[PDB]
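Chemist: Take a look at this one; I'll ask things after.
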Amino acid sequence: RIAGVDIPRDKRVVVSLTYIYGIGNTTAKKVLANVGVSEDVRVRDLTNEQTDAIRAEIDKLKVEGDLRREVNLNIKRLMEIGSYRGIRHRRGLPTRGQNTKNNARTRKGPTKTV
Amino acid sequence: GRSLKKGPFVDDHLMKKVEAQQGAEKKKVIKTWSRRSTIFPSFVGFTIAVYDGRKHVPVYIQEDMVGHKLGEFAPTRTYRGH
Amino acid sequence: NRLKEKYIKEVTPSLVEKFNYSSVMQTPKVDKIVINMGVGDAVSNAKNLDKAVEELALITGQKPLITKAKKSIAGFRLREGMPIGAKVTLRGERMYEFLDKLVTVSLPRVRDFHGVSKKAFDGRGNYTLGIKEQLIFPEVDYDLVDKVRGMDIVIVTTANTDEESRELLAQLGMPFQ
Amino acid sequence: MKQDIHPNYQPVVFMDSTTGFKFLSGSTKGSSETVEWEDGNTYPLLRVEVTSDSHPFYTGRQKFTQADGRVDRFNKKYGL
RNA sequence: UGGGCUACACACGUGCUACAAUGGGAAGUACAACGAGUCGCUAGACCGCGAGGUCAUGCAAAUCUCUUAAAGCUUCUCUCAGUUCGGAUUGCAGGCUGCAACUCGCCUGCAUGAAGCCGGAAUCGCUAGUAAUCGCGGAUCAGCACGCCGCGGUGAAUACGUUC
RNA sequence: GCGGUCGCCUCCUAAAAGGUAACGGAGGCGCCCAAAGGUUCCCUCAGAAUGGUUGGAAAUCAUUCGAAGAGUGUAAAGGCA
Ligand SMILES: [K+]
Ligand SMILES: [K+]
Ligand SMILES: [K+]
Ligand SMILES: [K+]
Ligand SMILES: [K+]
Ligand SMILES: [K+]
Ligand SMILES: [K+]
Ligand SMILES: [K+]
Ligand SMILES: [Mg+2]
Ligand SMILES: [Mg+2]
Ligand SMILES: [Mg+2]
Ligand SMILES: [Mg+2]
Ligand SMILES: [Mg+2]
Ligand SMILES: [Mg+2]
Ligand SMILES: [Mg+2]
Ligand SMILES: [Mg+2]
Ligand SMILES: [Mg+2]
């Protein structure tokens, strides 16, 4: 649709744009402000020219595969230098300073009752 | 994080050692207790034996490594698994 | 026919000159394009093969021939004669059209497309491209695909040497790596 | 060629949206829009955003900035 | 001096946030109390989307400030969706405090959006301004609370009865 | 006596026709097929190398080499490209 992702049609345009990877609520509001499109109007009602302008805005932005490759390059960069952060990534442990005796399930995965 | 105004940080003694070694054909290991030191583009090309709590572990510097605290590159504690 | 026109006009004289061909009959040319779609999943559910066949037919414009396992294999839960794998053979105008579409439209749409390999040659002058995924062909419709799949396209040419094949394919347009 | 077993196939024109570079090739898909073509013939048209000419690899010039190294980032941040 | 007490296949306790519509988002609008402040509380103004930075005011204080509290009430939007719920995890970029934030602080912006759809056996508190639920202050304190002490807002259901 | 065997097919024994015994050495049969029969037309294999998404030794595809090293419903011998 916009950048190759079929945004929801019935929802309001702000939320539909957020469904784009790399675009949050703040960025969605910003691009709608730039394009002059109302936030309430649904995408199914958005005219094609509005879509073209929004595509132009997004093209100016960096999102989707570009953003994922960038962030993964950073993580890959940490691991390749072998930083403490890289080893945290390598072993799937919290990297930002959390305690691991408990919790840490998000990074570690599911519990292994052993 | 670190305030931009304060500029980058590095221990003065460590900075002096690297500066004296700058005009060196072959960089020699720099033994430091300073974990706090940030890495600098000048630091590139050197091997630094950073104290890890019980000994100075040598670590090689490079352009990618610049911009981070030295102590991070030397893990403190060892854990192999259960 | 555009690719055929480009071949006869530019490529044929260029290759003749480069390789000092005594007679124009020596000119290497694309003989056929054999697109092969290997589907072992047909063993689990033949509908996967059905959709693969339908997508392949949409892409190629010809009803594919459904190859069958020449020999029973227990390792893959395979039985002799099972209809696993399909193919389409394109010659002449259809061959040229599909190759031209592949060069222009299909290849760029590959994610982070840095070109195609340059060592995938049989050693006689025939090339094969292993497509990792569909949806790069405009006819796939990007949504009907319940399961993403790839393919292996085989370019068979009259080139005796992989070098001639590579140069011919390059001149016809091939983003080697 | 056997009849009534193949999917429909028709000539169709292609234009590179980025540049407008035009070429005629057959296809299975059908485009509602139709355009004329030298020899005064009209065919369905498939506009293409990314084609050979458009894509940076074929041109030989790459849009992307190749990112910035950390050394230069550090120099810029701290004016060194 | 540096490191650890912050480890981490797992087990348990105590809490914080949630699983959504008696809700979330945007806008408006109203009512507290307890306590703290000299190099500290800090008004107002400038810059900053924000964290805050700058200038600068009053106050050793029923005199100035922290401090226009949040639920509330009134409009707009969302429409039952693992979502405009969720806010874990992670990348980038900042703010501060401090000689110093990597081991190893808090906070903010952008980026991402994890498990989680009301919880097995069993188990905890409470008989009224109580439970439930909502904020506010403070002690430690350069920096750092979902904990502790205290304060105030709204505000129930039930008690048949002593067999276990 | 116990065990084995009893009819039929294939090989060796079997001494280059045929036949030829042993409680000699090896295996098969008591069916199957409505095409796996008839005829007309057409086709040539097994493997190996090289290349190739899932895919791996090995599924499917292509080129080359490859005279049989395959297949011939069912044992073996003979025979068949
Ligand atoms: K920790
Ligand atoms: K716990
Ligand atoms: K316990
Ligand atoms: K807690
Ligand atoms: K509401
Ligand atoms: K820290
Ligand atoms: K619970
Ligand atoms: K404090
Ligand atoms: Mg988004
Ligand atoms: Mg911590
Ligand atoms: Mg402790
Ligand atoms: Mg739900
Ligand atoms: Mg009581
Ligand atoms: Mg209360
Ligand atoms: Mg005889
Ligand atoms: Mg005889
Ligand atoms: Mg037969």
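Letters A, B, ... mark the chains of the structure tokens in the order given; residue numbers begin at 1 per chain; ligand numbers begin at 1, in order shown.
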Around ligand 10, at most 7 Å away and counting only C-alpha atoms (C1' of nucleotides) and all ligand atoms, which residues are there? Put them as a PDB file with N, CA, C and O atoms (P, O5', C5', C4', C3', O3' and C1' of nucleotides), in the first residue's frame, please.
Modeler:
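Contents of part-v9.pdb, freshly written:
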```
ATOM      1  N   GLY A  97      20.894  -3.343  32.192  1.00  0.00           N
ATOM      2  CA  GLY A  97      21.219  -3.330  33.603  1.00  0.00           C
ATOM      3  C   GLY A  97      20.200  -3.968  34.520  1.00  0.00           C
ATOM      4  O   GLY A  97      20.277  -3.760  35.735  1.00  0.00           O
ATOM      5  N   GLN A  98      19.256  -4.737  33.990  1.00  0.00           N
ATOM      6  CA  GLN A  98      18.260  -5.371  34.831  1.00  0.00           C
ATOM      7  C   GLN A  98      18.887  -6.499  35.642  1.00  0.00           C
ATOM      8  O   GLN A  98      19.940  -7.039  35.296  1.00  0.00           O
ATOM      9  N   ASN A  99      18.232  -6.845  36.744  1.00  0.00           N
ATOM     10  CA  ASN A  99      18.627  -8.008  37.518  1.00  0.00           C
ATOM     11  C   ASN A  99      18.069  -9.269  36.878  1.00  0.00           C
ATOM     12  O   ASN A  99      16.978  -9.267  36.305  1.00  0.00           O
TER      13      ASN A  99
ATOM     14  P     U E   6      22.783  -8.393  45.818  1.00  0.00           P
ATOM     15  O5'   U E   6      22.905  -7.483  44.515  1.00  0.00           O
ATOM     16  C5'   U E   6      23.481  -7.997  43.320  1.00  0.00           C
ATOM     17  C4'   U E   6      22.726  -7.555  42.088  1.00  0.00           C
ATOM     18  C3'   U E   6      23.265  -8.113  40.771  1.00  0.00           C
ATOM     19  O3'   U E   6      22.183  -8.371  39.878  1.00  0.00           O
ATOM     20  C1'   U E   6      23.291  -5.759  40.691  1.00  0.00           C
ATOM     21  P     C E 104      25.975  -4.761  35.765  1.00  0.00           P
ATOM     22  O5'   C E 104      25.731  -3.206  35.992  1.00  0.00           O
ATOM     23  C5'   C E 104      24.452  -2.737  36.404  1.00  0.00           C
ATOM     24  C4'   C E 104      24.503  -1.311  36.892  1.00  0.00           C
ATOM     25  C3'   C E 104      24.857  -0.279  35.827  1.00  0.00           C
ATOM     26  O3'   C E 104      24.130   0.925  36.051  1.00  0.00           O
ATOM     27  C1'   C E 104      26.410  -0.152  37.597  1.00  0.00           C
TER      28        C E 104
END
```
Chemist: I need the residues of stretch 21-135 of chain C that end up classed as strand (DSSP E) by DSSP on the backbone, written out as a list in words.
Modeler: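 Strand (DSSP E) assignments inside stretch 21-135 of chain C correspond to residues 30, 31, 32, 33, 34, 35, 36, 37, 65, 66, 86, 87, 88, 89, 90, 127, 128, 129, 130 and 131 of chain C.
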Chemist: Run DSSP on the backbone of this structure and report the residues of stretch 18-123 of chain C it assigns to helix (DSSP H, G or I), as a PyMOL selection string.
Modeler: chain C and resi 18-19+24-26+40-43+46-60+92-106
Chemist: Select, as a count of residues only, those residues of chain E with any atom no more than 8 Å from chain B (distances computed using only C-alpha atoms (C1' of nucleotides)).
Modeler: 12
Chemist: Using only C-alpha atoms (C1' of nucleotides), which protein or nucleic acid residues come within 10 Å of residue D:5? Drop anything in the same chain fewer than 6 positions from it, and give the result as a list in words.
Modeler: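 The residues satisfying every condition are residues 57, 62, 63 and 64 of chain C.
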Chemist: May I have the selected residues written with N, CA, C and O atoms, as a PDB file, in the first residue's frame?
Modeler:
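result_21.pdb was written with the following content:
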```
ATOM      1  N   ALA C  57       1.754 -21.039 -13.041  1.00  0.00           N
ATOM      2  CA  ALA C  57       1.047 -20.816 -14.295  1.00  0.00           C
ATOM      3  C   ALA C  57       0.777 -19.336 -14.517  1.00  0.00           C
ATOM      4  O   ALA C  57       0.962 -18.823 -15.626  1.00  0.00           O
ATOM      5  N   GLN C  62       1.886 -20.416 -19.078  1.00  0.00           N
ATOM      6  CA  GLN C  62       1.697 -21.756 -19.611  1.00  0.00           C
ATOM      7  C   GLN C  62       1.378 -22.703 -18.468  1.00  0.00           C
ATOM      8  O   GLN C  62       1.907 -22.554 -17.364  1.00  0.00           O
ATOM      9  N   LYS C  63       0.519 -23.672 -18.731  1.00  0.00           N
ATOM     10  CA  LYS C  63       0.191 -24.652 -17.710  1.00  0.00           C
ATOM     11  C   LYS C  63       1.418 -25.509 -17.427  1.00  0.00           C
ATOM     12  O   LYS C  63       1.959 -26.122 -18.356  1.00  0.00           O
ATOM     13  N   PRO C  64       1.889 -25.583 -16.187  1.00  0.00           N
ATOM     14  CA  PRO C  64       3.114 -26.336 -15.911  1.00  0.00           C
ATOM     15  C   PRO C  64       2.899 -27.836 -15.993  1.00  0.00           C
ATOM     16  O   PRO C  64       1.802 -28.348 -15.761  1.00  0.00           O
TER      17      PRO C  64
END
```
Chemist: Which polymer residues have any atom within 12 Å of an atom of stretch 1-4 of chain C, counting only C-alpha atoms (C1' of nucleotides), with same-chain residues fewer than 3 positions away left out, as a ChimeraX atom specification?
Modeler: /C:7-12,29-30,91-104,169,171-173 /D:11-14,22-26
Chemist: Generate a file of the selected residues that holds N, CA and C atoms, formatted as a CSV table (one decimal), in the first residue's frame.
Modeler:
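Produced file out-v9.csv, reproduced below:
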```
chain,number,residue,atom,x,y,z
C,7,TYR,N,18.9,-8.6,-28.8
C,7,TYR,CA,19.9,-9.7,-29.1
C,7,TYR,C,20.4,-9.6,-30.5
C,8,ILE,N,19.5,-9.7,-31.5
C,8,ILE,CA,19.9,-9.8,-32.9
C,8,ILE,C,20.7,-8.6,-33.3
C,9,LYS,N,20.3,-7.4,-32.8
C,9,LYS,CA,20.9,-6.2,-33.2
C,9,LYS,C,22.3,-6.0,-32.5
C,10,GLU,N,22.3,-5.8,-31.2
C,10,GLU,CA,23.5,-5.5,-30.5
C,10,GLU,C,24.3,-6.7,-30.2
C,11,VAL,N,23.7,-7.7,-29.5
C,11,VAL,CA,24.5,-8.7,-28.9
C,11,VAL,C,25.2,-9.6,-29.9
C,12,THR,N,24.5,-10.0,-31.0
C,12,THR,CA,25.0,-10.9,-31.9
C,12,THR,C,26.3,-10.3,-32.6
C,29,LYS,N,23.3,-18.4,-28.3
C,29,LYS,CA,22.0,-17.9,-28.1
C,29,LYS,C,21.3,-18.6,-27.0
C,30,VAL,N,20.2,-18.0,-26.4
C,30,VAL,CA,19.4,-18.6,-25.4
C,30,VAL,C,18.6,-19.7,-26.1
C,91,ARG,N,10.1,-21.2,-24.8
C,91,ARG,CA,11.0,-21.1,-26.0
C,91,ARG,C,10.5,-20.0,-26.8
C,92,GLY,N,11.4,-19.4,-27.6
C,92,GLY,CA,11.1,-18.4,-28.6
C,92,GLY,C,10.5,-17.2,-27.9
C,93,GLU,N,9.4,-16.7,-28.4
C,93,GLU,CA,8.9,-15.4,-27.9
C,93,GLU,C,8.6,-15.4,-26.5
C,94,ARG,N,7.9,-16.5,-26.0
C,94,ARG,CA,7.6,-16.5,-24.6
C,94,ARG,C,8.9,-16.6,-23.7
C,95,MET,N,9.9,-17.3,-24.2
C,95,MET,CA,11.2,-17.3,-23.5
C,95,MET,C,11.7,-15.9,-23.4
C,96,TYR,N,11.8,-15.2,-24.5
C,96,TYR,CA,12.4,-13.8,-24.4
C,96,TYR,C,11.6,-12.9,-23.5
C,97,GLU,N,10.2,-13.0,-23.6
C,97,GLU,CA,9.4,-12.1,-22.8
C,97,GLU,C,9.6,-12.3,-21.3
C,98,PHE,N,9.6,-13.6,-20.9
C,98,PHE,CA,9.8,-13.9,-19.5
C,98,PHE,C,11.2,-13.5,-19.0
C,99,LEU,N,12.2,-13.7,-19.8
C,99,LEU,CA,13.5,-13.3,-19.4
C,99,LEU,C,13.6,-11.8,-19.3
C,100,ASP,N,13.0,-11.1,-20.2
C,100,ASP,CA,13.0,-9.6,-20.2
C,100,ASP,C,12.3,-9.1,-18.9
C,101,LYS,N,11.1,-9.7,-18.6
C,101,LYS,CA,10.4,-9.3,-17.4
C,101,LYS,C,11.2,-9.6,-16.2
C,102,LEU,N,11.9,-10.8,-16.2
C,102,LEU,CA,12.7,-11.1,-15.0
C,102,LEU,C,13.8,-10.1,-14.8
C,103,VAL,N,14.5,-9.7,-15.9
C,103,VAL,CA,15.6,-8.8,-15.8
C,103,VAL,C,15.1,-7.4,-15.3
C,104,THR,N,14.0,-6.9,-15.9
C,104,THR,CA,13.6,-5.6,-15.5
C,104,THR,C,12.8,-5.5,-14.2
C,169,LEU,N,24.7,-13.3,-21.3
C,169,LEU,CA,23.6,-13.0,-20.4
C,169,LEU,C,23.8,-11.5,-19.9
C,171,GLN,N,25.2,-9.0,-21.5
C,171,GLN,CA,24.8,-8.1,-22.6
C,171,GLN,C,23.2,-8.1,-22.7
C,172,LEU,N,22.6,-9.2,-22.5
C,172,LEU,CA,21.1,-9.2,-22.5
C,172,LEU,C,20.6,-8.5,-21.2
C,173,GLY,N,21.5,-8.3,-20.2
C,173,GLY,CA,21.1,-7.7,-19.0
C,173,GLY,C,21.0,-8.7,-17.9
D,11,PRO,N,-0.1,-9.3,-24.8
D,11,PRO,CA,0.9,-8.2,-24.8
D,11,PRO,C,0.5,-7.1,-24.0
D,12,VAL,N,1.5,-6.5,-23.3
D,12,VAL,CA,1.3,-5.4,-22.4
D,12,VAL,C,2.6,-4.5,-22.4
D,13,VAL,N,2.4,-3.2,-22.3
D,13,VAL,CA,3.5,-2.3,-22.2
D,13,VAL,C,3.8,-2.0,-20.8
D,14,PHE,N,5.1,-1.6,-20.6
D,14,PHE,CA,5.6,-1.3,-19.3
D,14,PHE,C,6.4,0.0,-19.4
D,22,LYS,N,10.2,2.9,-21.4
D,22,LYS,CA,9.1,2.1,-21.9
D,22,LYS,C,9.5,0.9,-22.6
D,23,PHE,N,8.8,-0.2,-22.4
D,23,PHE,CA,9.1,-1.5,-23.1
D,23,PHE,C,7.8,-2.3,-23.2
D,24,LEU,N,7.7,-3.1,-24.2
D,24,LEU,CA,6.5,-4.0,-24.5
D,24,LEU,C,6.9,-5.4,-24.2
D,25,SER,N,6.1,-6.1,-23.3
D,25,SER,CA,6.3,-7.5,-23.0
D,25,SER,C,5.0,-8.1,-22.7
D,26,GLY,N,4.9,-9.4,-22.9
D,26,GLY,CA,3.7,-10.1,-22.6
D,26,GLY,C,3.5,-10.4,-21.1
```
Chemist: Set the cut-off to 8 Å, count only C-alpha atoms (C1' of nucleotides) and all ligand atoms, and list whatever residues fall near ligand 16 as a PDB file with N, CA, C and O atoms (P, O5', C5', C4', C3', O3' and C1' of nucleotides), in the first residue's frame.
Modeler:
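In the end it all went to selection00.pdb:
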```
ATOM      1  P     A F  14      29.818 -83.161 -11.172  1.00  0.00           P
ATOM      2  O5'   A F  14      29.189 -82.518 -12.483  1.00  0.00           O
ATOM      3  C5'   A F  14      29.506 -83.047 -13.762  1.00  0.00           C
ATOM      4  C4'   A F  14      28.396 -82.819 -14.753  1.00  0.00           C
ATOM      5  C3'   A F  14      27.894 -81.388 -14.855  1.00  0.00           C
ATOM      6  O3'   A F  14      27.483 -81.129 -16.195  1.00  0.00           O
ATOM      7  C1'   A F  14      26.127 -82.787 -14.180  1.00  0.00           C
ATOM      8  P     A F  16      31.347 -83.429 -20.791  1.00  0.00           P
ATOM      9  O5'   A F  16      30.386 -82.164 -20.800  1.00  0.00           O
ATOM     10  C5'   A F  16      30.914 -80.864 -20.603  1.00  0.00           C
ATOM     11  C4'   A F  16      30.236 -79.852 -21.483  1.00  0.00           C
ATOM     12  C3'   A F  16      29.723 -80.377 -22.811  1.00  0.00           C
ATOM     13  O3'   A F  16      28.450 -80.979 -22.705  1.00  0.00           O
ATOM     14  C1'   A F  16      31.022 -78.473 -23.204  1.00  0.00           C
ATOM     15  P     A F  17      28.150 -82.358 -23.459  1.00  0.00           P
ATOM     16  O5'   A F  17      26.711 -82.135 -24.087  1.00  0.00           O
ATOM     17  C5'   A F  17      26.454 -81.029 -24.935  1.00  0.00           C
ATOM     18  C4'   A F  17      25.198 -81.244 -25.732  1.00  0.00           C
ATOM     19  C3'   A F  17      23.979 -81.673 -24.936  1.00  0.00           C
ATOM     20  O3'   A F  17      23.289 -80.570 -24.381  1.00  0.00           O
ATOM     21  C1'   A F  17      24.255 -83.106 -26.795  1.00  0.00           C
ATOM     22  P     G F  18      22.848 -80.581 -22.841  1.00  0.00           P
ATOM     23  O5'   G F  18      21.722 -81.696 -22.790  1.00  0.00           O
ATOM     24  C5'   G F  18      20.523 -81.551 -23.531  1.00  0.00           C
ATOM     25  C4'   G F  18      19.771 -82.849 -23.581  1.00  0.00           C
ATOM     26  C3'   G F  18      19.571 -83.533 -22.244  1.00  0.00           C
ATOM     27  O3'   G F  18      18.459 -83.021 -21.536  1.00  0.00           O
ATOM     28  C1'   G F  18      20.403 -85.092 -23.802  1.00  0.00           C
ATOM     29  P     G F  19      18.586 -82.675 -19.977  1.00  0.00           P
ATOM     30  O5'   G F  19      18.564 -84.095 -19.265  1.00  0.00           O
ATOM     31  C5'   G F  19      17.459 -84.969 -19.418  1.00  0.00           C
ATOM     32  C4'   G F  19      17.836 -86.383 -19.065  1.00  0.00           C
ATOM     33  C3'   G F  19      18.422 -86.583 -17.679  1.00  0.00           C
ATOM     34  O3'   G F  19      17.424 -86.727 -16.686  1.00  0.00           O
ATOM     35  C1'   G F  19      19.796 -87.649 -19.281  1.00  0.00           C
TER      36        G F  19
END
```
Chemist: Residues at most 8 Å from residue C:65, counting only C-alpha atoms (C1' of nucleotides), excluding those fewer than 3 positions away in the same chain, as a count of residues only?
Modeler: 3
Chemist: For ligand 5, which residue out of E:64, E:78, E:71, E:34 is the nearest one, using only C-alpha atoms (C1' of nucleotides) and all ligand atoms?
Modeler: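 Closest to ligand 5, using only C-alpha atoms (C1' of nucleotides) and all ligand atoms: E:78.
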Chemist: Select from chain A every residue with an atom at most 12 Å from any atom of chain C, then for each give the shortest pair of atoms and their distance in Å to one decimal, using only C-alpha atoms, rows by chain and rising number, as JSON lines.
Modeler:
```
{"residue": "A:1", "atom": "CA", "partner": "C:142", "partner_atom": "CA", "distance": 11.1}
{"residue": "A:4", "atom": "CA", "partner": "C:142", "partner_atom": "CA", "distance": 9.7}
{"residue": "A:5", "atom": "CA", "partner": "C:142", "partner_atom": "CA", "distance": 10.3}
{"residue": "A:6", "atom": "CA", "partner": "C:143", "partner_atom": "CA", "distance": 10.0}
{"residue": "A:64", "atom": "CA", "partner": "C:111", "partner_atom": "CA", "distance": 11.5}
{"residue": "A:65", "atom": "CA", "partner": "C:111", "partner_atom": "CA", "distance": 8.4}
{"residue": "A:66", "atom": "CA", "partner": "C:112", "partner_atom": "CA", "distance": 9.3}
{"residue": "A:68", "atom": "CA", "partner": "C:112", "partner_atom": "CA", "distance": 12.0}
{"residue": "A:69", "atom": "CA", "partner": "C:112", "partner_atom": "CA", "distance": 9.8}
```
Chemist: Could you list, as an NGL selection string, all protein and nucleic acid residues with an atom at most 8 Å from ligand 14, counting only C-alpha atoms (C1' of nucleotides) and all ligand atoms?
Modeler: :E and (151-153)
Chemist: Would you list the residues that come within 12 Å of ligand 5? Count only C-alpha atoms (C1' of nucleotides) and all ligand atoms and give the answer as a PDB file with C-alpha atoms (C1' of nucleotides), in the first residue's frame.
Modeler:
```pdb
ATOM      1  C1'   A E  21     -15.495   0.183  27.175  1.00  0.00           C
ATOM      2  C1'   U E  22     -17.475   0.885  34.995  1.00  0.00           C
ATOM      3  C1'   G E  23     -12.214   1.502  29.484  1.00  0.00           C
ATOM      4  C1'   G E  24      -8.075   4.158  26.434  1.00  0.00           C
ATOM      5  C1'   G E  25      -7.021   8.928  23.766  1.00  0.00           C
ATOM      6  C1'   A E  26      -7.889  14.540  22.955  1.00  0.00           C
ATOM      7  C1'   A E  27     -10.053  19.119  25.238  1.00  0.00           C
ATOM      8  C1'   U E  74     -18.551  18.006  31.120  1.00  0.00           C
ATOM      9  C1'   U E  75     -17.681  17.524  25.558  1.00  0.00           C
ATOM     10  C1'   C E  76     -14.886  15.029  21.035  1.00  0.00           C
ATOM     11  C1'   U E  77     -12.522  10.434  19.261  1.00  0.00           C
ATOM     12  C1'   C E  78     -11.694   5.111  19.480  1.00  0.00           C
ATOM     13  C1'   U E  79     -15.771   0.388  18.712  1.00  0.00           C
TER      14        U E  79
END
```
Chemist: So that each row is one residue of chain E with an atom at most 7 Å from chain A, can you give its shortest atom pair and the distance in Å to one decimal, using only C-alpha atoms (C1' of nucleotides), rows by chain and rising number, as CSV?
Modeler:
```
residue,atom,partner,partner_atom,distance
E:6,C1',A:99,CA,6.1
E:8,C1',A:101,CA,5.1
E:9,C1',A:114,CA,6.4
E:10,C1',A:114,CA,5.6
E:84,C1',A:15,CA,6.2
E:88,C1',A:106,CA,6.7
E:89,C1',A:106,CA,6.1
E:91,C1',A:71,CA,5.2
E:111,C1',A:22,CA,6.2
E:114,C1',A:106,CA,6.3
```
